[PDB]
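Here's the structure, in structure tokens; my notes come after.
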Amino acid sequence: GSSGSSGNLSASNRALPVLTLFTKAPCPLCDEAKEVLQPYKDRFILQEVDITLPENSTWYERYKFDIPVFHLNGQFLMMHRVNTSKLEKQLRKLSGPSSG
């Protein structure tokens with residue numbers, strides 16, 4: 001869509017966090033959520049997990065009413081919406097100094 005544009009000093013390895021996105025349907029939320037992760041699509045690896053699936057029924061069974069869920073670095077970052085503010089926060093500091 002857009003190659004994007006945003007360069008700044010960093011001086012650090014290259015590796016973004018894996019955001020576990022759990023969408024479902026019918027759910028006009030998981031829809032918007034994503035849209036909320038548009039400016040953050042490159043901010044990390046948006047892992048869209050289909051909870052509507054049987055093999056993933058577990059994810060759903062655990063998060064059938066607490067979606068959409070968002071796990072940053074394999075840790076529930078936020079659910080029931082997409083509080084960018086929260087996301088961004090984590091984004092800034094997640095991995096940390098030498099870790100992984």
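The chains in the structure tokens are called A, B, ... from first to last as shown; in each chain the residues are counted from 1, and the ligands are counted from 1 in the order shown.
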Spatial neighbours of region 29-38 of chain A, 10 Å, only C-alpha atoms, chain gap at least 2 places, as a ChimeraX atom specification: /A:19,21-27,40-44,46,48,67-70,79-84,87
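With CA of residue 71 (chain A) on one side and CA of residue 88 (chain A) on the other, the separation reads 13.1 Å.
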CA of residue 7 (chain A) to CA of residue 100 (chain A), distance in Å rounded to a single decimal: 24.1 Å
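CA of residue 53 (chain A) sits 29.6 Å away from CA of residue 94 (chain A).
Here the residues within region 12-93 of chain A that DSSP labels strand (DSSP E) on the basis of the backbone are residues 18, 19, 20, 21, 22, 23, 45, 46, 47, 48, 49, 50, 69, 70, 71, 72, 76, 77, 78 and 79 of chain A.
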Kindly save the residues from that selection, with N, CA, C and O atoms included, as a short mmCIF file (atom, residue, chain, number, x, y, z; two decimals), in the first residue's frame.
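What landed in part.cif:
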```
data_model
loop_
_atom_site.label_atom_id
_atom_site.label_comp_id
_atom_site.auth_asym_id
_atom_site.auth_seq_id
_atom_site.Cartn_x
_atom_site.Cartn_y
_atom_site.Cartn_z
N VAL A 18 6.23 -9.49 18.12
CA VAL A 18 5.15 -10.21 17.48
C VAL A 18 3.85 -9.96 18.25
O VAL A 18 3.69 -10.42 19.38
N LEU A 19 2.95 -9.23 17.61
CA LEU A 19 1.67 -8.91 18.21
C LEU A 19 0.64 -9.96 17.79
O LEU A 19 0.25 -10.02 16.63
N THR A 20 0.22 -10.75 18.77
CA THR A 20 -0.77 -11.79 18.51
C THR A 20 -2.17 -11.20 18.47
O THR A 20 -2.76 -10.91 19.51
N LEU A 21 -2.67 -11.03 17.26
CA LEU A 21 -4.00 -10.47 17.07
C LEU A 21 -5.01 -11.61 16.92
O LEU A 21 -4.89 -12.44 16.02
N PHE A 22 -5.99 -11.61 17.81
CA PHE A 22 -7.02 -12.64 17.79
C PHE A 22 -8.36 -12.05 17.35
O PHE A 22 -9.08 -11.46 18.16
N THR A 23 -8.67 -12.25 16.08
CA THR A 23 -9.92 -11.75 15.52
C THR A 23 -10.93 -12.88 15.39
O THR A 23 -10.57 -14.05 15.47
N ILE A 45 4.98 -7.36 14.02
CA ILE A 45 4.42 -8.45 13.24
C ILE A 45 3.03 -8.80 13.78
O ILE A 45 2.91 -9.49 14.79
N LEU A 46 2.02 -8.30 13.09
CA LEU A 46 0.65 -8.55 13.49
C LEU A 46 0.28 -10.00 13.15
O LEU A 46 0.07 -10.34 11.99
N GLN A 47 0.21 -10.81 14.20
CA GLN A 47 -0.13 -12.22 14.03
C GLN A 47 -1.64 -12.42 14.22
O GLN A 47 -2.12 -12.52 15.35
N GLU A 48 -2.34 -12.49 13.10
CA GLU A 48 -3.78 -12.69 13.12
C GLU A 48 -4.11 -14.16 13.36
O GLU A 48 -3.91 -15.00 12.48
N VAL A 49 -4.60 -14.44 14.56
CA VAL A 49 -4.96 -15.80 14.92
C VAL A 49 -6.48 -15.97 14.80
O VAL A 49 -7.24 -15.19 15.36
N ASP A 50 -6.87 -17.00 14.07
CA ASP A 50 -8.28 -17.29 13.86
C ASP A 50 -8.79 -18.16 15.01
O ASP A 50 -8.53 -19.36 15.05
N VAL A 69 -8.20 -9.62 21.26
CA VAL A 69 -7.11 -9.65 22.21
C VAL A 69 -5.80 -9.30 21.50
O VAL A 69 -5.66 -9.53 20.30
N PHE A 70 -4.87 -8.74 22.27
CA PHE A 70 -3.59 -8.35 21.72
C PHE A 70 -2.45 -8.74 22.67
O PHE A 70 -2.40 -8.26 23.80
N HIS A 71 -1.57 -9.60 22.17
CA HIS A 71 -0.44 -10.05 22.96
C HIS A 71 0.86 -9.50 22.36
O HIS A 71 1.19 -9.81 21.22
N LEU A 72 1.55 -8.71 23.16
CA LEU A 72 2.80 -8.11 22.73
C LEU A 72 3.97 -8.86 23.38
O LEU A 72 4.16 -8.79 24.59
N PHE A 76 -0.35 -10.68 27.06
CA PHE A 76 -1.56 -9.89 26.92
C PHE A 76 -1.26 -8.40 27.09
O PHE A 76 -1.08 -7.92 28.21
N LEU A 77 -1.21 -7.71 25.96
CA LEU A 77 -0.94 -6.28 25.96
C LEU A 77 -2.23 -5.52 26.26
O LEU A 77 -2.23 -4.57 27.05
N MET A 78 -3.30 -5.96 25.62
CA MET A 78 -4.60 -5.33 25.80
C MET A 78 -5.69 -6.08 25.03
O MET A 78 -5.42 -6.66 23.99
N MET A 79 -6.89 -6.04 25.59
CA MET A 79 -8.02 -6.71 24.97
C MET A 79 -9.31 -5.91 25.17
O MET A 79 -9.40 -5.09 26.09
#
```
Could you pull out all residues of region 23-58 of chain A with a DSSP call of helix (DSSP H, G or I) and give them as a tab-separated table (two decimals) with C-alpha atoms, in the first residue's frame?
```tsv
chain	number	residue	atom	x	y	z
A	28	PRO	CA	-17.18	-5.59	13.82
A	29	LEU	CA	-14.57	-4.99	16.48
A	30	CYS	CA	-11.76	-7.25	15.32
A	31	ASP	CA	-12.42	-5.41	12.08
A	32	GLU	CA	-11.84	-1.93	13.45
A	33	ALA	CA	-9.07	-3.10	15.75
A	34	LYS	CA	-6.97	-4.06	12.76
A	35	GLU	CA	-7.69	-0.66	11.26
A	36	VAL	CA	-6.34	0.70	14.52
A	57	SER	CA	-11.21	-23.12	19.69
A	58	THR	CA	-9.08	-22.91	22.81
```
List every residue of region 22-79 of chain A that has an atom at most 12 Å from any atom of region 95-98 of chain A, giving for each one its closest atom pair and the distance in Å to one decimal, counting only C-alpha atoms, sorted by chain and then by ascending residue number, as a tab-separated table.
```
residue	atom	partner	partner_atom	distance
A:72	CA	A:95	CA	10.1
A:73	CA	A:95	CA	8.0
A:74	CA	A:95	CA	11.4
A:75	CA	A:95	CA	12.0
```
